[PDB]
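Engineer: I'd like to ask you about the structure that follows.
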Amino acid sequence: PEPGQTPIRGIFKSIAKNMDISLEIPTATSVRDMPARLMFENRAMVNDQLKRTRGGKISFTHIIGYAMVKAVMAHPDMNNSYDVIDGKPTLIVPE
Amino acid sequence: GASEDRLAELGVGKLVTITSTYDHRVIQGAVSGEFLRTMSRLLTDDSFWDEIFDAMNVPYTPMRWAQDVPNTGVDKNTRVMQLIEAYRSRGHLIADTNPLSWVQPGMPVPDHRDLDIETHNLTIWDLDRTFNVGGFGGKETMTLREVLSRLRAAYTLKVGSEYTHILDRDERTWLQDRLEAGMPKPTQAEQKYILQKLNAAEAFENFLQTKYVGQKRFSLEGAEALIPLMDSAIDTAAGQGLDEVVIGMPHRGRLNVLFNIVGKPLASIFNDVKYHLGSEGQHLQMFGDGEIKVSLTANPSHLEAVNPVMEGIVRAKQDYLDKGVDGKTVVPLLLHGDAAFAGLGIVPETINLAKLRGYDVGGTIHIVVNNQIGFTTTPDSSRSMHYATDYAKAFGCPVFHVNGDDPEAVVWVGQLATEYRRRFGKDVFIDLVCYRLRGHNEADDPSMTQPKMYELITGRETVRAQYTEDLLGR
Amino acid sequence: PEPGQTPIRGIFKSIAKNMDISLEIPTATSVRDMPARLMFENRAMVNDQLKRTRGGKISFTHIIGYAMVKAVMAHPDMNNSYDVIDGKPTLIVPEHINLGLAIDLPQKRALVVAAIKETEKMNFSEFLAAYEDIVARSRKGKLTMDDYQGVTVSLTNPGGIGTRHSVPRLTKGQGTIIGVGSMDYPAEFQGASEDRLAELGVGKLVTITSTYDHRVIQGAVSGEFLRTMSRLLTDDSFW
Ligand SMILES: Cc1ncc(C[n+]2csc(CCOP(=O)(O)OP(=O)(O)O)c2C)c(N)n1
Ligand SMILES: [Mg+2]
């Protein structure tokens with residue numbers, strides 16, 4: 001009964017530590033499938049302009065990432081967090 | 001494991017699944033659901049894609065979300081044909097021809113909804129469906145995506161063409177087939193040759209503005225692609241085995257033309273009288289064994305008065321050579337300004353002589369340096385025509401509108417226009433869409449009368465600098 | 001480094017407290033997509049009868065809610081819960097099926113769970129009346145403390161806003177929470193015409209989830225429960 005044992009060190013120790021602390025956050029997940037056809041088409045038009053101009057390519061994560069920022073501004077509750085301030089449960093509203 | 005055509009017949013679209021994992025102590029499920037709904041709506045929203053395209057400088061309208069149209073009696077193949085005609089006739093109305101992101105207030109805008117696939121009851125869902133195209137591109141069937149790529153390459157990039165008003169079927173089909181064959185991919189050697197001509201054009205402009213006084217009136221800054229445009233036409237004429245090119249032009253860029261086109265030495269130019277005298281020179285081609293004489297005609301400050309005189313000079317030289325109907329080996333290259341071309345009546349009065357028995361010279365190559373201004377007057381007060389070069393449609397002649405900040409497209413247009421003149425013996429019109437960097441004279445702030453236009457002009461890269469950075473980027 | 005700080009108070013403090021306590025329940029989730037076409041058709045026939053008679057409209061949550069009660073009676077393990085009685089792990093078998101409805105209340109928004117009690121002795125008309133009584137009193141602030149207690153099983157509908165499915169949290173005292181997802185077509189069919197879809201035979205679906213306490217409910221039982229719900233939604237006797 002002798003498997004390999006190697007201590008977790010460095011950045012991997014920090015990831016593992018944060019995953020242990022994450023156990024105190026009661027989470028739920030929402031799942032939604034979205035039509036992506038128009039994204040494929042319009043991303044291709046932007047990249048075709050760039051290949052003919054000064055190069056560069058935009059990704060799907062750039063578009064979704066920007067849509068995510070517009071959505072957080074339309075629904076600000078998504079940018080808030082929980083913490084125990086002054087021994088009480090409190091809502092943290094970032095700047 | 002399915003084929004793309006079978007999926008296109010059903011209308012199966014691509015998806016993305018997005019999740020939201022949240023702290024339930026401060027965020028509720030309904031809020032998380034609303035957040036994901038807004039993300040889905042944004043990815044298919046008109047305003048969202050307008051904002052992205054504006055930021056990335058895509059001078060085209062994005063594709064719009066729509067539902068796949070229900071199967072009623074309506075046939076789509078005959079409507080694909082109507083879309084092909086619309087692009088051939090009016091595709092120049094949405095072509096990337098203006099180096100400025102400028103729309104002149106005061107000028108009326110024609111409706112061109114016929115260029116949108118939604119007007120012909122077609123959507124993004126038809127892009128990968130096959131249609132009957134009636135011999136378009138030499139094919140019987142094609143996908144709507146292939147139809148749009150061919151139509152976009154031919155009619156909506158840096159060259160906007162006007163040719164469907166031509167009555168003769170053979171001449172109209174020659175232009176159609178060459179424009180739909182596309183603009184060839186330029187070689188590295190070709191790209192370096194264009195960069196050398198642009199270096200020469202800008203080096204001369206900087207010498208004139210800094211070593212001499214009172215030359216802001218005569219600046220070519222903003223229209224430096226005129227040098228490789230004129231060189232392209234004269235070089236193409238030398239390859240055709242022709243004998244001479246006679247130039248008629250106003251003051252703007254005259255000393256630049258004398259040094260880089262006519263070939264006069266710097267000592268001979270520098271010793272406003274020079275801006276009205278005539279000159280003679282020679283043009284040899286770097287990639288060939290052809291030679292051609294180049295002449296410049298004398299003219300007064302009265303704009304466009306040189307037009308009839310210059311035509312007569314050409315006819316006299318052609319009559320002395322006497323080579324018959326298949327001759328016409330003295331090419332008239334006539335330069336204009338956009339305000340003067342549209343406004344002065346001598347311009348169409350002289351073009352009316354082009355096919356007449358005693359006045360025919362085999363066609364004239366017209367270049368309009370369209371800098372979208374005339375002293376302090378904008379096109380909304382200069383003409384009742386959509387484009388400055390619209391007298392061409394009266395004489396049944398083709399027009400090529402080209403972006404002055406794309407020197408590859410400018411040299412291509414110069415070659416095609418000179419090829420058209422040798423084959424059909426008619427006038428050809430090149431509208432070089434550029435801008436004027438300085439004011440009309442030395443003591444003139446152009447922002448006094450046109451502040452909004454000069455927000456886009458002041459502090460932008462030159463055509464040379466922009467082209468170098470563009471080549472390095474791709 | 002100064003963000004807004006505001007203490008959580010009232011009903012929101014109670015929700016946050018219960019979410020902290022929920023961390024002690026080891027849960028698993030089962031996901032199943034069910035044909036919803038017959039539900040669309042037969043719900044339309046009931047609502048057409050009502051618009052021509054004395055008004056009223058039934059919802060998809062009324063039908064799914066009643067199917068859920070029939071399914072809990074066919075699989076009773078889904079109504080049980082875990083607790084530490086006498087210092088030992090024990091199985092709690094309730095006397096009734098008290099269906100907790102997650103109603104989203106307006107602020108002066110907060111999600112609260114009110115219970116429809118003794119659902120195992122009701123037919124559809126009695127179930128519909130009891131359901132509407134709870135939603136009516138919640139809209140006029142006339143719920144008592146007894147309405148929030150005794151919940152044995154819960155039902156939430158994230159599908160109303162268009163969420164496909166969710167992995168929700170389970171509150172202490174219950175054994176399972178059922179979630180009802182979006183009854184739209186999948187995203188790949190959301191731009192298609194109705195005649196092209198009718199030629200293939202594409203039907204509407206509903207995704208239903210079951211998040212359960214694994215200490216007292218096993219995965220096979222949770223899967224069987226969702227199978228019975230799918231069978232009921234397309235069953236002759238049920239309609
Ligand atoms: C027949 C005639 N009328 C008026 C003038 C006065 N004038 C000199 S330049 C100019 C404007 C020229 O505009 P445009 O043709 O666009 O040329 P640009 O200076 O923009 O190249 C005018 C009106 C002139 N030189 N000749
Ligand atoms: Mg001008």
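Numbering starts fresh at 1 for the residues of each chain in the structure tokens, the chains themselves are lettered A, B, ... in the order given, and ligands are numbered from 1 as they appear.
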Give as a PyMOL selection string every residue of chain A that touches chain B within 7 Å, counting only C-alpha atoms.

Structural biologist: chain A and resi 25-39+42+46+49+51+53-55+67-68+71+75+77-78+81-82+91

Engineer: Which protein, DNA or RNA residues have an atom within 7 Å of ligand 1, counting only C-alpha atoms and all ligand atoms, as a short mmCIF file (atom, residue, chain, number, x, y, z; two decimals) with C-alpha atoms, in the first residue's frame?

Structural biologist:
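selection_27.cif written:
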```
data_model
loop_
_atom_site.label_atom_id
_atom_site.label_comp_id
_atom_site.auth_asym_id
_atom_site.auth_seq_id
_atom_site.Cartn_x
_atom_site.Cartn_y
_atom_site.Cartn_z
CA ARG B 252 -2.58 71.59 -57.07
CA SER B 301 -5.91 80.23 -63.56
CA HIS B 302 -9.50 79.95 -64.96
CA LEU B 303 -10.21 76.35 -63.99
CA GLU B 304 -11.11 73.79 -66.71
CA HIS B 336 -9.67 68.13 -62.42
CA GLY B 337 -10.86 69.29 -58.97
CA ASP B 338 -14.26 68.03 -57.67
CA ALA B 339 -15.87 71.47 -57.34
CA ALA B 340 -14.71 72.65 -60.80
CA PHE B 341 -15.55 69.38 -62.62
CA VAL B 369 -8.94 64.77 -57.24
CA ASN B 370 -12.10 64.69 -55.12
CA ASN B 371 -10.95 66.19 -51.82
CA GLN B 372 -14.64 66.83 -50.85
CA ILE B 373 -14.11 70.62 -50.63
CA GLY B 374 -13.70 73.69 -52.92
CA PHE B 375 -12.08 76.63 -51.03
CA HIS B 440 -7.06 76.73 -49.44
#
```

Engineer: Could you tell me which of C:129, C:11, C:84, C:200 comes closest to chain B if we count only C-alpha atoms?

Structural biologist: C:200

Engineer: When you get a sec, could you note down which chain C residues fall within 6 Å of chain A, using only C-alpha atoms, as a VMD selection string?

Structural biologist: chain C and resid 3 to 8 19 163 to 169 187

Engineer: Near region 324-329 of chain B, within 10 Å and counting only C-alpha atoms, which residues show up once chain neighbours fewer than 6 positions away are dropped, as a ChimeraX atom specification?

Structural biologist: /B:237-238,240-245,314-315,317-318,360-363,422-423,425

Engineer: Go through C:190, C:218, C:47, C:207 and flag the residue nearest chain B, using only C-alpha atoms for the distances.

Structural biologist: C:190

Engineer: Taking 5 positions as the minimum chain separation for residues in the same chain, which residues sit within 8 Å of residue 118 (chain C) when counting only C-alpha atoms? Answer as an mmCIF file with N, CA, C and O atoms, in the first residue's frame.

Structural biologist:
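Ended up saving to out20.cif:
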```
data_model
loop_
_atom_site.group_PDB
_atom_site.id
_atom_site.type_symbol
_atom_site.label_atom_id
_atom_site.label_comp_id
_atom_site.auth_asym_id
_atom_site.auth_seq_id
_atom_site.Cartn_x
_atom_site.Cartn_y
_atom_site.Cartn_z
ATOM 1 N N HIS C 96 -47.497 13.817 5.718
ATOM 2 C CA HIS C 96 -48.130 14.395 4.541
ATOM 3 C C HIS C 96 -47.128 14.834 3.461
ATOM 4 O O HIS C 96 -45.929 14.939 3.713
ATOM 5 N N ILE C 97 -47.631 15.100 2.255
ATOM 6 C CA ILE C 97 -46.821 15.671 1.198
ATOM 7 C C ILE C 97 -47.175 17.137 1.169
ATOM 8 O O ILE C 97 -48.241 17.501 0.683
ATOM 9 N N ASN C 98 -46.333 17.966 1.768
ATOM 10 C CA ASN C 98 -46.537 19.407 1.833
ATOM 11 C C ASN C 98 -45.643 20.053 0.816
ATOM 12 O O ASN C 98 -44.445 20.215 1.057
#
```
